[PDB]
Amino acid sequence: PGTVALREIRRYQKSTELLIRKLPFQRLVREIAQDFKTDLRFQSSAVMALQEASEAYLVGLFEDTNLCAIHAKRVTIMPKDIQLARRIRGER
Amino acid sequence: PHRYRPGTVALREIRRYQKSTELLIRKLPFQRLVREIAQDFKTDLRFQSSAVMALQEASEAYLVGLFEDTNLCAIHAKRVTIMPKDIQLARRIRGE
Amino acid sequence: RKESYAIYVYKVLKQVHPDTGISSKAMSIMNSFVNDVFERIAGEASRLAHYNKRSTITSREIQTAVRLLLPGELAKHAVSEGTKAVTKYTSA
Amino acid sequence: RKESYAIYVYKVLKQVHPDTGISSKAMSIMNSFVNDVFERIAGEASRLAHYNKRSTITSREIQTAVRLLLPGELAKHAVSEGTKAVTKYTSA
Amino acid sequence: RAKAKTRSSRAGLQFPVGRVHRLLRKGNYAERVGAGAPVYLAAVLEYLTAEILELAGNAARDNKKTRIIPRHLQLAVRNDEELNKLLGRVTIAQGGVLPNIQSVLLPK
Amino acid sequence: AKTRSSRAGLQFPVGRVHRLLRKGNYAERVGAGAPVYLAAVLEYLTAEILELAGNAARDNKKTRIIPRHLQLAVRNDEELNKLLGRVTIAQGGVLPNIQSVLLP
Amino acid sequence: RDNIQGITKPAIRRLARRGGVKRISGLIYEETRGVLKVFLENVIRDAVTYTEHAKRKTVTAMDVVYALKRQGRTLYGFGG
Amino acid sequence: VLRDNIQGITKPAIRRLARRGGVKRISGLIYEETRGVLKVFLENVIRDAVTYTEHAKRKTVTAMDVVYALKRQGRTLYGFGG
DNA sequence: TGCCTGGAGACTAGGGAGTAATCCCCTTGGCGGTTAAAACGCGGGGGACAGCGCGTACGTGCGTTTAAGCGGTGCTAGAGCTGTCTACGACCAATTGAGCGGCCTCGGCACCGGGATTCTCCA
DNA sequence: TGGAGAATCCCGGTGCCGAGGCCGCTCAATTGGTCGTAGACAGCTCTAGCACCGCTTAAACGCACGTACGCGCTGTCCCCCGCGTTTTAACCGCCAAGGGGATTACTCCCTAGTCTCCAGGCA
């Protein structure tokens with residue numbers, strides 16, 4: 001257990017393709033945006049920009065989370081690593 | 001004789017230096033440090049006293065916030081002693 | 001010579017707390033606060049005038065710059081007295 | 001009729017890499033990079049003119065903004081190129 | 001000429017509408033500045049100043065003091081969530097910190 | 001009728017940068033050396049990025065500059081990383097990097 | 001309603017293996033979904049404000065780029 | 001010529017700064033790391049302050065130069081003007 | 001590759017800055033007392049760290065489901081451009097009054113010192 | 001649980017320097033009118049956003065199982081905390097020289113403004 005995980009690490013870091021599916025993310029954007037206005041409309045490039053930004057944000061957060069996990073002498077990331085990284089970066 | 005347990009005096013200094021607002025670095029050695037750092041950029045330089053006080057307030061606030069993040073990193077590793085890897089991790093996550 | 005928001009902050013303080021004074025350093029920090037928030041709102045209204053290819057800053061741009069900068073309840077209340085002052089200026 | 005820095009990135013790329021092409025998304029990234037660097041240097045030079053009570057932007061404000069924003073060797077070679085271009089422009 | 005009424009008086013404001021208008025015109029923010037923009041901006045500046053001055057007076061009264069010092073401004077800004085979020089990258093001179101000790105350092 | 005960009009040895013347009021500086025609400029007046037200097041700095045930074053992007057495309061055996069090559073060019077140089085630290089490049093990804101204790 | 005579950009557990013694992021994470025707890029996924037929802041709410045609220053100022057009913061890509069740009073999250077490749 | 005004034009940032013001063021930051025126990029290797037961090041921060045701020053001084057053709061670094069150098073790095077300081 | 005539109009040449013005007021003289025704020029350097037703070041030393045206690053065991057919770061592989069995605073059709077909201085006009089903001093002259101600099105008083109608060117009330121640690 | 005010592009807090013007296021109020025005056029906000037243009041409004045086009053269907057297939061999901069890994073416990077020994085004493089240099093007050101920031105007046109030039117046309121630039 002870990003050779004397929006490290007193979008997935010060496011596979012996904014090299015590529016630039018988006019890891020979240022298109023339509024569930026678009027549904028999530030239209031669900032979140034509905035609280036601010038009713039009957040909003042979205043360009044497709046707007047949803048693609050939101051997907052690129054969200055994926056880059058989550059990957060940078062997981063990099064800092066992994067740094068916290070190695071700091072606590074662990075290989076498994078936990079929610080306390082995420083909230084510590086968000087606390088230090090100023091989001092929490 | 002009477003001696004306190006290790007940590008009682010440290011908590012007393014924590015409460016004392018969190019209740020107060022004074023600068024915690026002596027003004028003359030910080031002024032001399034500012035002079036030797038500024039002479040590597042431009043020689044024959046002069047400084048207003050308000051500039052050195054602004055530098056000291058900024059530097060002390062930066063170090064206090066860094067020590068808060070360092071303490072969070074040390075408690076994350078289930079410790080009470082801050083170590084240089086805590087400073088390194090806080091500055092790495094901050095992006096410095 | 002020099003100008004500052006020293007008297008207006010004192011008038012606001014005596015409106016709010018009639019028994020409470022203010023020192024010189026606290027007044028200087030309040031002056032820095034007012035100048036900083038002025039620069040933030042004016043710079044955002046400048047960018048919003050530039051985004052819409054407009055050459056005028058109006059109360060609409062100041063309102064949406066207040067909505068962009070200030071957090072939620074602060075933004076709602078700041079829009080409330082901004083619209084109140086503009087309505088009292090136009091009507092009276 | 002959109003304006004873009006695309007043909008000038010073509011010219012600079014042909015000046016440095018004759019047998020290399022570029023995609024549309026990479027050209028969009030280069031155009032956004034050019035516009036972001038332009039607005040950074042222009043904003044810092046505008047602030048430098050405002051601080052020093054000057055109503056004009058000369059090559060000195062652009063020099064100081066370039067020295068403030070870019071890191072070390074990039075700033076040194078950038079001010080070298082800018083000084084060379086200004087001297088050659090005044091020579092012609 | 002009639003009696004001169006200031007632009008702050010007819011807007012019901014204490015902050016100067018005309019000074020804000022001059023600083024907007026001379027700030028190179030736009031080619032044109034409208035009439036309601038300085039009224040709106042002076043109202044917002046007065047509201048934010050009054051919000052800090054309420055909590056700073058409360059902090060000064062909690063310390064049994066009359067005059068507001070920078071420490072009370074620090075306590076007022078950091079003890080209110082919206083104002084701490086607005087001034088998150090701001091250092092108050094002679095402000096200090098909130099008294100905050102972690103639970104794992106307190107002895108059991 | 002000679003353009004000011006050819007008189008400065010620059011490929012970037014001096015006149016377009018001057019027009020953008022005039023109507024950008026940066027100052028009331030613009031000096032004559034400011035668009036020349038700004039076009040030179042922008043041309044230098046574009047040339048540096050295109051240099052490292054072409055090197056990344058050549059080392060990875062391709063003839064086209066893609067956003068992955070721009071990503072590798074920006075995040076591999078230290079000072080370009082310091083210039084573009086808070087900037088995301090679309091369809092660029094991240095570097096291949098693994099923590100040293102995770103390796104077998 | 002409840003489209004945060006469309007951010008699936010293998011998608012969160014793909015984002016973690018891109019970040020270099022080798023082992024992942026089972027409580028990571030709900031934390032990641034909440035963090036993504038907070039980030040999306042902030043950026044989308046800013047972009048909807050930018051759309052409201054233009055008297056427009058369509059969120060363009062420019063609104064998303066300026067919304068990301070205000071928070072220090074500048075994005076290239078769309079018109080930044 | 002000034003030399004080795006970073007040792008004037010003493011160990012009890014760093015201890016006081018850590019006590020303000022809520023630190024209860026301090027390792028003995030903290031002080032050299034903290035001195036290096038303080039030197040890096042001061043070099044970064046003072047370089048832009050000196051640049052702002054040199055643009056004005058002045059020889060004295062005023063309080064405005066320090067406040068603008070801190071404001072350019074996202075570290076706005078209230079109380080010294082601006 | 002043809003139209004188009006913004007850049008270039010060139011003339012004028014006047015204000016933005018350059019420079020020289022002046023004047024005085026305030027920076028730097030110095031001396032001496034004093035005394036607070038840093039530095040050094042040392043005992044001990046408690047916390048960092050290595051080792052071990054266990055119990056469980058992720059990783060992984062396989063079979064089943066599900067809905068993402070690609071292609072295709074179709075409808076219409078609304079982005080986007082153009083034309084017209086009009087109200088709104090820059091601008092200018094005159095006026096005048098609010099704010100700023102300076103001067104003066106007095107009281108909020110820092111300091112000091114003694115006494116009552118927690119508070120920590122060891123029997 | 002209790003007592004010695006330490007530490008914290010509370011209350012009265014004293015002065016001091018900075019908040020705050022008053023006066024002059026000046027320069028910047030206000031008032032009234034003029035003029036051009038930015039923006040609001042009306043209308044039309046056609047791009048593109050959205051709704052829906054069919055399939056087919058990669059991908060999500062459920063589960064079974066084993067082992068790597070988190071986590072609790074324990075020992076130990078290093079290293080940092082608390083305190084006492086000594087040395088060092090920070091700090092306060094004074095005492096000037098003078099260096100350079102700030103102001104003012106006059107002078108040059110160069111950048112805004114405008115007409116025309118032509119060569120880059122884009123679709």
# chains A, B, ... in the order shown; residues from 1 in each chain; ligands from 1
>>> select_by_dssp(residues="chain G", states="alpha helix (DSSP H)", output="number ranges by chain")
G: 9-19, 28-53, 61-70
>>> calpha_fit_and_write(fixed="chain D", moving="chain C", output="CSV table (one decimal) with C-alpha atoms, in the first residue's frame")
chain,number,residue,atom,x,y,z
C,1,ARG,CA,-11.7,46.2,-32.3
C,2,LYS,CA,-9.7,44.6,-29.5
C,3,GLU,CA,-6.0,45.1,-29.1
C,4,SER,CA,-3.4,42.8,-27.5
C,5,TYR,CA,0.4,42.2,-27.3
C,6,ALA,CA,0.1,39.2,-29.7
C,7,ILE,CA,2.3,40.3,-32.5
C,8,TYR,CA,5.1,41.9,-30.4
C,9,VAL,CA,5.4,38.8,-28.2
C,10,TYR,CA,5.7,36.8,-31.4
C,11,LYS,CA,8.4,39.2,-32.8
C,12,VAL,CA,10.3,38.9,-29.5
C,13,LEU,CA,9.9,35.1,-29.7
C,14,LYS,CA,11.3,34.9,-33.2
C,15,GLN,CA,14.2,37.2,-32.1
C,16,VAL,CA,14.9,34.8,-29.2
C,17,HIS,CA,13.9,31.4,-30.6
C,18,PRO,CA,13.6,31.4,-34.4
C,19,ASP,CA,12.5,27.7,-34.6
C,20,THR,CA,10.0,27.8,-31.8
C,21,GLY,CA,6.3,28.7,-32.1
C,22,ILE,CA,3.6,29.4,-29.5
C,23,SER,CA,0.0,28.3,-29.0
C,24,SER,CA,-3.1,30.5,-28.4
C,25,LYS,CA,-3.4,29.8,-24.7
C,26,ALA,CA,0.3,30.5,-24.1
C,27,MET,CA,0.0,33.7,-26.1
C,28,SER,CA,-3.0,34.7,-23.9
C,29,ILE,CA,-1.0,34.0,-20.8
C,30,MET,CA,1.9,36.1,-22.2
C,31,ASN,CA,-0.7,38.9,-22.9
C,32,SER,CA,-1.9,38.6,-19.3
C,33,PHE,CA,1.7,38.8,-18.1
C,34,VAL,CA,2.5,41.9,-20.1
C,35,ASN,CA,-0.7,43.7,-18.9
C,36,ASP,CA,-0.1,42.7,-15.3
C,37,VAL,CA,3.5,43.9,-15.2
C,38,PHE,CA,2.5,47.1,-17.0
C,39,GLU,CA,-0.2,47.7,-14.3
C,40,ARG,CA,2.3,47.0,-11.5
C,41,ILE,CA,5.0,49.4,-12.9
C,42,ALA,CA,2.6,52.1,-13.8
C,43,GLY,CA,0.8,52.0,-10.4
C,44,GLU,CA,4.1,52.1,-8.6
C,45,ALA,CA,5.2,55.1,-10.8
C,46,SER,CA,1.9,56.8,-10.0
C,47,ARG,CA,2.5,56.3,-6.3
C,48,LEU,CA,6.1,57.6,-6.6
C,49,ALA,CA,4.9,60.7,-8.6
C,50,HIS,CA,2.3,61.3,-5.8
C,51,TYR,CA,4.9,60.9,-3.0
C,52,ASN,CA,7.2,63.6,-4.3
C,53,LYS,CA,4.2,66.0,-5.1
C,54,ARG,CA,4.9,65.6,-8.8
C,55,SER,CA,2.4,65.6,-11.7
C,56,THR,CA,4.7,63.9,-14.3
C,57,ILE,CA,5.7,60.3,-14.8
C,58,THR,CA,9.3,60.3,-16.2
C,59,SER,CA,11.9,57.6,-16.9
C,60,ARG,CA,13.2,58.2,-13.4
C,61,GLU,CA,9.9,57.0,-11.9
C,62,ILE,CA,9.8,54.0,-14.2
C,63,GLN,CA,13.4,53.2,-13.3
C,64,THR,CA,12.8,53.3,-9.6
C,65,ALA,CA,9.5,51.4,-9.9
C,66,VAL,CA,11.4,48.7,-11.8
C,67,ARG,CA,13.9,48.6,-9.0
C,68,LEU,CA,11.1,48.4,-6.4
C,69,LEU,CA,9.1,45.7,-8.1
C,70,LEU,CA,11.5,43.3,-9.9
C,71,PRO,CA,14.0,41.1,-7.9
C,72,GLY,CA,17.7,41.8,-8.0
C,73,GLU,CA,19.3,40.5,-11.2
C,74,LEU,CA,16.1,41.0,-13.1
C,75,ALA,CA,15.9,44.6,-11.8
C,76,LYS,CA,19.5,45.3,-12.7
C,77,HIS,CA,19.1,44.0,-16.3
C,78,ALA,CA,15.7,45.7,-16.8
C,79,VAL,CA,17.4,49.0,-15.8
C,80,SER,CA,20.2,48.2,-18.2
C,81,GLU,CA,18.0,47.8,-21.3
C,82,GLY,CA,15.7,50.6,-20.1
C,83,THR,CA,18.6,53.1,-20.0
C,84,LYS,CA,19.9,51.7,-23.2
C,85,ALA,CA,16.6,52.3,-25.0
C,86,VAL,CA,16.2,55.8,-23.6
C,87,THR,CA,19.8,56.6,-24.6
C,88,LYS,CA,19.2,55.2,-28.1
C,89,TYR,CA,15.9,57.2,-28.3
C,90,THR,CA,17.4,60.5,-27.3
C,91,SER,CA,20.8,60.2,-29.1
C,92,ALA,CA,19.4,58.5,-32.2
>>> closest_atom_pairs(of="chain G", to="chain D", cutoff="9 Å", atoms="only C-alpha atoms", output="JSON lines")
{"residue": "G:75", "atom": "CA", "partner": "D:32", "partner_atom": "CA", "distance": 8.5}
{"residue": "G:76", "atom": "CA", "partner": "D:29", "partner_atom": "CA", "distance": 5.1}
{"residue": "G:77", "atom": "CA", "partner": "D:29", "partner_atom": "CA", "distance": 4.4}
{"residue": "G:78", "atom": "CA", "partner": "D:28", "partner_atom": "CA", "distance": 6.8}
{"residue": "G:79", "atom": "CA", "partner": "D:32", "partner_atom": "CA", "distance": 6.0}
{"residue": "G:80", "atom": "CA", "partner": "D:32", "partner_atom": "CA", "distance": 4.7}
>>> interface_residues(of="chain A", to="chain F", cutoff="7 Å", atoms="only C-alpha atoms", output="PyMOL selection string")
chain A and resi 10+13-17+52
>>> atom_distance(atom1="atom CA of residue G:8", atom2="atom CA of residue G:35")
14.1 Å
>>> interface_residues(of="chain J", to="chain E", cutoff="8 Å", atoms="only C-alpha atoms (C1' of nucleotides)", output="list in words")
residues 29, 30 and 31 of chain J
>>> closest_atom_pairs(of="chain J", to="chain C", cutoff="9 Å", atoms="only C-alpha atoms (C1' of nucleotides)", output="Markdown table")
| residue | atom | partner | partner_atom | distance |
| --- | --- | --- | --- | --- |
| J:18 | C1' | C:23 | CA | 8.6 |
| J:19 | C1' | C:23 | CA | 7.0 |
| J:38 | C1' | C:55 | CA | 7.8 |
| J:39 | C1' | C:54 | CA | 8.6 |
>>> residues_around(residues="residue E:59", least_positions_apart="5", cutoff="10 Å", atoms="only C-alpha atoms (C1' of nucleotides)", output="PyMOL selection string")
chain E and resi 53-54+64-66+68-69+71-76+79
>>> interface_residues(of="chain F", to="chain J", cutoff="9 Å", atoms="only C-alpha atoms (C1' of nucleotides)", output="MDAnalysis selection string")
chainID F and resid 1 29:32
>>> write_last_selection(atoms="N, CA, C and O atoms", output="short mmCIF file (atom, residue, chain, number, x, y, z; two decimals), in the first residue's frame")
data_model
loop_
_atom_site.label_atom_id
_atom_site.label_comp_id
_atom_site.auth_asym_id
_atom_site.auth_seq_id
_atom_site.Cartn_x
_atom_site.Cartn_y
_atom_site.Cartn_z
N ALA F 1 8.30 59.49 -41.49
CA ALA F 1 7.50 59.04 -40.36
C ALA F 1 8.06 57.75 -39.78
O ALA F 1 7.77 56.66 -40.27
N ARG F 29 0.81 64.41 -16.41
CA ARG F 29 1.78 64.50 -17.49
C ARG F 29 2.61 63.22 -17.56
O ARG F 29 2.78 62.52 -16.56
N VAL F 30 3.08 62.91 -18.76
CA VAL F 30 3.96 61.76 -19.01
C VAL F 30 5.20 62.26 -19.73
O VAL F 30 5.09 62.93 -20.76
N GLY F 31 6.38 61.93 -19.19
CA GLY F 31 7.61 62.28 -19.86
C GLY F 31 7.85 61.44 -21.11
O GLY F 31 7.27 60.37 -21.30
N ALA F 32 8.72 61.96 -21.98
CA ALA F 32 8.97 61.30 -23.26
C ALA F 32 9.82 60.04 -23.12
O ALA F 32 9.75 59.15 -23.98
#
>>> residues_around(residues="residue B:94", least_positions_apart="2", cutoff="7 Å", atoms="only C-alpha atoms (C1' of nucleotides)", output="MDAnalysis selection string")
(chainID A and resid 88:89) or (chainID B and resid 90:92 96)
>>> write_last_selection(atoms="N, CA and C atoms", output="mmCIF file, in the first residue's frame")
data_model
loop_
_atom_site.group_PDB
_atom_site.id
_atom_site.type_symbol
_atom_site.label_atom_id
_atom_site.label_comp_id
_atom_site.auth_asym_id
_atom_site.auth_seq_id
_atom_site.Cartn_x
_atom_site.Cartn_y
_atom_site.Cartn_z
ATOM 1 N N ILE A 88 -2.218 29.632 9.554
ATOM 2 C CA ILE A 88 -0.962 30.335 9.305
ATOM 3 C C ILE A 88 -1.076 31.233 8.076
ATOM 4 N N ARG A 89 -1.768 30.771 7.029
ATOM 5 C CA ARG A 89 -1.902 31.591 5.826
ATOM 6 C C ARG A 89 -2.879 32.751 5.995
ATOM 7 N N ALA B 90 6.527 27.732 9.683
ATOM 8 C CA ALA B 90 5.654 28.901 9.644
ATOM 9 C C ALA B 90 6.023 29.833 8.495
ATOM 10 N N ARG B 91 7.321 30.033 8.262
ATOM 11 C CA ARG B 91 7.742 30.892 7.162
ATOM 12 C C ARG B 91 7.568 30.214 5.809
ATOM 13 N N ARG B 92 7.579 28.880 5.773
ATOM 14 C CA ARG B 92 7.318 28.164 4.530
ATOM 15 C C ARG B 92 5.843 28.230 4.151
ATOM 16 N N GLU B 96 7.314 33.040 2.810
ATOM 17 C CA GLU B 96 8.549 33.810 2.872
ATOM 18 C C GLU B 96 9.752 32.955 2.496
#
>>> closest_atom_pairs(of="chain A", to="chain E", cutoff="12 Å", atoms="only C-alpha atoms", output="tab-separated table")
residue	atom	partner	partner_atom	distance
A:89	CA	E:88	CA	11.8
A:90	CA	E:88	CA	8.6
A:91	CA	E:85	CA	10.0
A:92	CA	E:85	CA	10.6
>>> write_last_selection(atoms="C-alpha atoms", output="PDB file, in the first residue's frame")
ATOM      1  CA  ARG A  89      -1.902  31.591   5.826  1.00  0.00           C
ATOM      2  CA  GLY A  90      -4.490  33.927   7.374  1.00  0.00           C
ATOM      3  CA  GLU A  91      -7.704  32.294   6.147  1.00  0.00           C
ATOM      4  CA  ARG A  92      -8.528  30.923   9.616  1.00  0.00           C
TER       5      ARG A  92
END
>>> select_by_dssp(residues="chain B", states="strand (DSSP E)", output="JSON, numbers by chain")
{"B": [46, 47, 81, 82]}
>>> write_last_selection(atoms="N, CA, C and O atoms", output="PDB file, in the first residue's frame")
ATOM      1  N   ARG B  46      21.486  59.205   6.705  1.00  0.00           N
ATOM      2  CA  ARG B  46      20.956  59.687   7.967  1.00  0.00           C
ATOM      3  C   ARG B  46      19.544  59.151   8.160  1.00  0.00           C
ATOM      4  O   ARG B  46      18.890  58.711   7.212  1.00  0.00           O
ATOM      5  N   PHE B  47      19.084  59.167   9.409  1.00  0.00           N
ATOM      6  CA  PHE B  47      17.790  58.597   9.759  1.00  0.00           C
ATOM      7  C   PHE B  47      17.041  59.538  10.685  1.00  0.00           C
ATOM      8  O   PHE B  47      17.612  60.039  11.657  1.00  0.00           O
ATOM      9  N   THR B  81       7.913  23.301  23.489  1.00  0.00           N
ATOM     10  CA  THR B  81       9.167  23.972  23.182  1.00  0.00           C
ATOM     11  C   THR B  81       9.179  24.337  21.705  1.00  0.00           C
ATOM     12  O   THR B  81       9.042  23.457  20.849  1.00  0.00           O
ATOM     13  N   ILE B  82       9.350  25.617  21.404  1.00  0.00           N
ATOM     14  CA  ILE B  82       9.486  26.029  20.014  1.00  0.00           C
ATOM     15  C   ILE B  82      10.920  25.784  19.566  1.00  0.00           C
ATOM     16  O   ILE B  82      11.874  26.017  20.313  1.00  0.00           O
TER      17      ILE B  82
END
>>> closest_atom_pairs(of="chain J", to="chain B", cutoff="9 Å", atoms="only C-alpha atoms (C1' of nucleotides)", output="JSON lines")
{"residue": "J:5", "atom": "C1'", "partner": "B:2", "partner_atom": "CA", "distance": 7.6}
{"residue": "J:81", "atom": "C1'", "partner": "B:6", "partner_atom": "CA", "distance": 5.3}
{"residue": "J:82", "atom": "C1'", "partner": "B:6", "partner_atom": "CA", "distance": 6.9}
{"residue": "J:83", "atom": "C1'", "partner": "B:3", "partner_atom": "CA", "distance": 7.9}
{"residue": "J:90", "atom": "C1'", "partner": "B:28", "partner_atom": "CA", "distance": 7.1}
>>> closest_atom_pairs(of="chain B", to="chain E", cutoff="9 Å", atoms="only C-alpha atoms", output="JSON lines")
{"residue": "B:7", "atom": "CA", "partner": "E:107", "partner_atom": "CA", "distance": 8.3}
{"residue": "B:8", "atom": "CA", "partner": "E:107", "partner_atom": "CA", "distance": 8.6}
{"residue": "B:11", "atom": "CA", "partner": "E:106", "partner_atom": "CA", "distance": 7.9}
{"residue": "B:14", "atom": "CA", "partner": "E:101", "partner_atom": "CA", "distance": 7.9}
{"residue": "B:15", "atom": "CA", "partner": "E:99", "partner_atom": "CA", "distance": 7.0}
{"residue": "B:17", "atom": "CA", "partner": "E:96", "partner_atom": "CA", "distance": 8.7}
{"residue": "B:18", "atom": "CA", "partner": "E:99", "partner_atom": "CA", "distance": 5.4}
{"residue": "B:19", "atom": "CA", "partner": "E:99", "partner_atom": "CA", "distance": 6.5}
{"residue": "B:20", "atom": "CA", "partner": "E:96", "partner_atom": "CA", "distance": 6.5}
{"residue": "B:21", "atom": "CA", "partner": "E:96", "partner_atom": "CA", "distance": 4.6}
{"residue": "B:22", "atom": "CA", "partner": "E:94", "partner_atom": "CA", "distance": 6.7}
{"residue": "B:23", "atom": "CA", "partner": "E:94", "partner_atom": "CA", "distance": 8.0}
{"residue": "B:54", "atom": "CA", "partner": "E:93", "partner_atom": "CA", "distance": 7.9}
{"residue": "B:57", "atom": "CA", "partner": "E:93", "partner_atom": "CA", "distance": 6.3}
{"residue": "B:58", "atom": "CA", "partner": "E:91", "partner_atom": "CA", "distance": 7.2}
{"residue": "B:61", "atom": "CA", "partner": "E:91", "partner_atom": "CA", "distance": 7.1}
{"residue": "B:64", "atom": "CA", "partner": "E:97", "partner_atom": "CA", "distance": 8.7}
{"residue": "B:72", "atom": "CA", "partner": "E:102", "partner_atom": "CA", "distance": 8.9}
{"residue": "B:75", "atom": "CA", "partner": "E:104", "partner_atom": "CA", "distance": 7.8}
{"residue": "B:79", "atom": "CA", "partner": "E:104", "partner_atom": "CA", "distance": 8.9}
{"residue": "B:80", "atom": "CA", "partner": "E:105", "partner_atom": "CA", "distance": 6.8}
>>> interface_residues(of="chain A", to="chain B", cutoff="9 Å", atoms="only C-alpha atoms", output="count of residues only")
14
>>> interface_residues(of="chain J", to="chain A", cutoff="12 Å", atoms="only C-alpha atoms (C1' of nucleotides)", output="PyMOL selection string")
chain J and resi 47-50+58-60+66-71
>>> interface_residues(of="chain I", to="chain G", cutoff="10 Å", atoms="only C-alpha atoms (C1' of nucleotides)", output="mmCIF file with N, CA, C and O atoms (P, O5', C5', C4', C3', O3' and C1' of nucleotides), in the first residue's frame")
data_model
loop_
_atom_site.group_PDB
_atom_site.id
_atom_site.type_symbol
_atom_site.label_atom_id
_atom_site.label_comp_id
_atom_site.auth_asym_id
_atom_site.auth_seq_id
_atom_site.Cartn_x
_atom_site.Cartn_y
_atom_site.Cartn_z
ATOM 1 P P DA I 57 -10.891 3.214 13.218
ATOM 2 O "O5'" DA I 57 -10.179 4.349 12.342
ATOM 3 C "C5'" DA I 57 -8.753 4.358 12.226
ATOM 4 C "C4'" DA I 57 -8.290 4.384 10.770
ATOM 5 C "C3'" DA I 57 -9.357 4.658 9.720
ATOM 6 O "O3'" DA I 57 -8.748 5.262 8.610
ATOM 7 C "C1'" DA I 57 -8.443 2.554 9.316
ATOM 8 P P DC I 58 -8.633 6.857 8.465
ATOM 9 O "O5'" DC I 58 -7.792 7.002 7.126
ATOM 10 C "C5'" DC I 58 -8.061 6.121 6.062
ATOM 11 C "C4'" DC I 58 -6.790 5.665 5.377
ATOM 12 C "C3'" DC I 58 -6.894 5.654 3.870
ATOM 13 O "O3'" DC I 58 -5.601 5.634 3.290
ATOM 14 C "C1'" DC I 58 -6.891 3.441 4.635
ATOM 15 P P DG I 59 -5.372 6.168 1.791
ATOM 16 O "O5'" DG I 59 -4.340 5.115 1.184
ATOM 17 C "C5'" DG I 59 -4.236 3.839 1.783
ATOM 18 C "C4'" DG I 59 -3.513 2.854 0.887
ATOM 19 C "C3'" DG I 59 -3.668 3.074 -0.597
ATOM 20 O "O3'" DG I 59 -2.667 2.321 -1.258
ATOM 21 C "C1'" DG I 59 -5.051 1.282 0.100
ATOM 22 P P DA I 77 -37.013 35.543 -23.843
ATOM 23 O "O5'" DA I 77 -36.045 35.908 -22.623
ATOM 24 C "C5'" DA I 77 -35.314 34.875 -21.956
ATOM 25 C "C4'" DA I 77 -33.874 35.289 -21.632
ATOM 26 C "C3'" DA I 77 -33.645 36.743 -21.252
ATOM 27 O "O3'" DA I 77 -32.610 36.794 -20.282
ATOM 28 C "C1'" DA I 77 -32.387 36.238 -23.194
ATOM 29 P P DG I 78 -32.341 38.114 -19.411
ATOM 30 O "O5'" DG I 78 -30.871 38.548 -19.857
ATOM 31 C "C5'" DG I 78 -30.025 37.606 -20.506
ATOM 32 C "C4'" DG I 78 -29.050 38.288 -21.456
ATOM 33 C "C3'" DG I 78 -28.789 39.774 -21.204
ATOM 34 O "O3'" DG I 78 -27.426 40.050 -21.498
ATOM 35 C "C1'" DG I 78 -29.471 39.496 -23.397
ATOM 36 P P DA I 79 -26.430 40.612 -20.374
ATOM 37 O "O5'" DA I 79 -25.052 40.812 -21.160
ATOM 38 C "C5'" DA I 79 -24.283 39.676 -21.549
ATOM 39 C "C4'" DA I 79 -23.541 39.889 -22.872
ATOM 40 C "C3'" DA I 79 -22.680 41.136 -22.990
ATOM 41 O "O3'" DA I 79 -21.541 40.813 -23.778
ATOM 42 C "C1'" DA I 79 -24.378 41.201 -24.643
#
>>> residues_around(residues="residue F:18", least_positions_apart="2", cutoff="12 Å", atoms="only C-alpha atoms (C1' of nucleotides)", output="number ranges by chain")
D: 38, 42, 57-58; F: 4-5, 12-16, 20-24, 26, 29-39; I: 6-7
>>> closest_atom_pairs(of="stretch 4-67 of chain B", to="stretch 29-47 of chain H", cutoff="10 Å", atoms="only C-alpha atoms", output="tab-separated table")
residue	atom	partner	partner_atom	distance
B:33	CA	H:39	CA	8.6
B:34	CA	H:42	CA	7.5
B:35	CA	H:46	CA	9.9
B:36	CA	H:43	CA	10.0
B:37	CA	H:43	CA	6.2
B:38	CA	H:46	CA	6.4
B:40	CA	H:47	CA	9.2
B:41	CA	H:47	CA	6.7
B:42	CA	H:47	CA	9.3
B:55	CA	H:42	CA	7.9
B:56	CA	H:42	CA	9.3
B:58	CA	H:42	CA	9.3
B:59	CA	H:38	CA	7.0
B:60	CA	H:38	CA	9.0
B:62	CA	H:41	CA	8.5
B:63	CA	H:38	CA	7.4
B:66	CA	H:34	CA	9.5
B:67	CA	H:34	CA	9.4
